[PDB]
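Below is one structure; the comments refer to it alone.
Residue numbers (the entry's author numbering), protein chains in the order written: chain Y, 1 to 52, 52A, 53 to 82, 82A to 82C, 83 to 100, 100A to 100H, 101 to 113; chain J, 213 to 265.
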């Protein structure tokens, strides 16, 4: 089964940096929009950022601009999220969603063409 | 409203449309259709065939 496996999280002090990776087992990201979704406990899943290979574009949320970077390495079919300047509000579990166009990137995505297991990030003040 | 939109760089990434409510059109195949019931009346056709000398 085409499965997405995210990793690279952990507990880090505020103001640091981290680098998450999620890879696809069963199919490549050659034709997949990659979108990162964050779920803090006690609230609803919130959009983080999305990257597209078709136009080489990157969309970022209001809190994500100027701190988060999204990159893709199709050679090893993985998607990377490099964040810097951690803040306490960023502590949450993260997933990445792979979808074949379908206009799934309208605000709240809530489509999940390909759902993966997420990784927990803790930010200590 | 002359509103800009950040995060877009290349203009041909997307387009802009035009909207109108009045000033209907004939059912010509050279145009795309609108959305919803596509019918708000009918008209008469001048120059109809008739007998003559």
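We put the beta carbon where it would ideally sit given N, CA and C, even for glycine.
Ignore the nearest five residues each way along the sequence and tell me which others in residue i's own chain have a CB closer than 7 Å to its CB.
{"i": "residue 252 of chain J", "result": "236"}
{"i": "residue 29 of chain Y", "result": "71, 73, 76, 78 and 94"}
{"i": "residue 52 of chain Y", "result": "33"}
{"i": "residue 111 of chain Y", "result": "12, 14, 82C, 83, 84, 86 and 87"}
{"i": "residue 100H of chain Y", "result": "93"}
{"i": "residue 82A of chain Y", "result": "17 and 66"}
What do you get for residue i, buried or exposed, if any count of 16 or more other CB atoms within 10 angstroms of its CB means buried?
{"i": "residue 25 of chain Y", "result": "exposed"}
{"i": "residue 82C of chain Y", "result": "buried"}
{"i": "residue 100D of chain Y", "result": "exposed"}
{"i": "residue 217 of chain J", "result": "exposed"}
{"i": "residue 248 of chain J", "result": "exposed"}
{"i": "residue 86 of chain Y", "result": "buried"}
{"i": "residue 259 of chain J", "result": "exposed"}
{"i": "residue 114 of chain Y", "result": "No information on residue 114 of chain Y is available, as it lies outside the stretch 1 to 113 that chain Y covers here."}
{"i": "residue 6 of chain Y", "result": "buried"}
{"i": "residue 2 of chain Y", "result": "exposed"}
{"i": "residue 35 of chain Y", "result": "buried"}
{"i": "residue 129 of chain Y", "result": "There is no way to answer for residue 129 of chain Y, as the model of chain Y reaches only from 1 to 113."}
{"i": "residue 63 of chain Y", "result": "buried"}
Our contact map puts residue i next to residue j with C-beta atoms below 8 Å; I'd like the distance itself, whole angstroms only.
{"i": "residue 90 of chain Y", "j": "residue 107 of chain Y", "result": "6 Å"}
{"i": "residue 32 of chain Y", "j": "residue 49 of chain Y", "result": "Not confirmed; about 15 Å, so no contact."}
{"i": "residue 109 of chain Y", "j": "residue 9 of chain Y", "result": "4 Å"}
Excluding sequence positions up to five away, which residues of its chain have a Cβ less than 6 Å from the Cβ of residue i?
{"i": "residue 40 of chain Y", "result": "88"}
{"i": "residue 44 of chain Y", "result": "none"}
{"i": "residue 100 of chain Y", "result": "100G"}
{"i": "residue 68 of chain Y", "result": "81"}
{"i": "residue 57 of chain Y", "result": "51 and 69"}
{"i": "residue 185 of chain Y", "result": "In this structure chain Y extends from 1 to 113, so residue 185 of chain Y is not present and cannot be described."}
What residues in its chain sit with their C-beta under 8 Å from that of residue i, if we drop five residues either side in the sequence?
{"i": "residue 103 of chain Y", "result": "4, 91 and 93"}
{"i": "residue 256 of chain J", "result": "none"}
{"i": "residue 98 of chain Y", "result": "100G and 101"}
Between the stretch 217 to 228 of chain J and the stretch 20 to 38 of chain Y, do at least 3 Cβ pairs fall closer than 8 Å?
-> No, because fewer than three Cβ pairs between the stretch 217 to 228 of chain J and the stretch 20 to 38 of chain Y fall closer than 8 Å, the two stretches do not touch.
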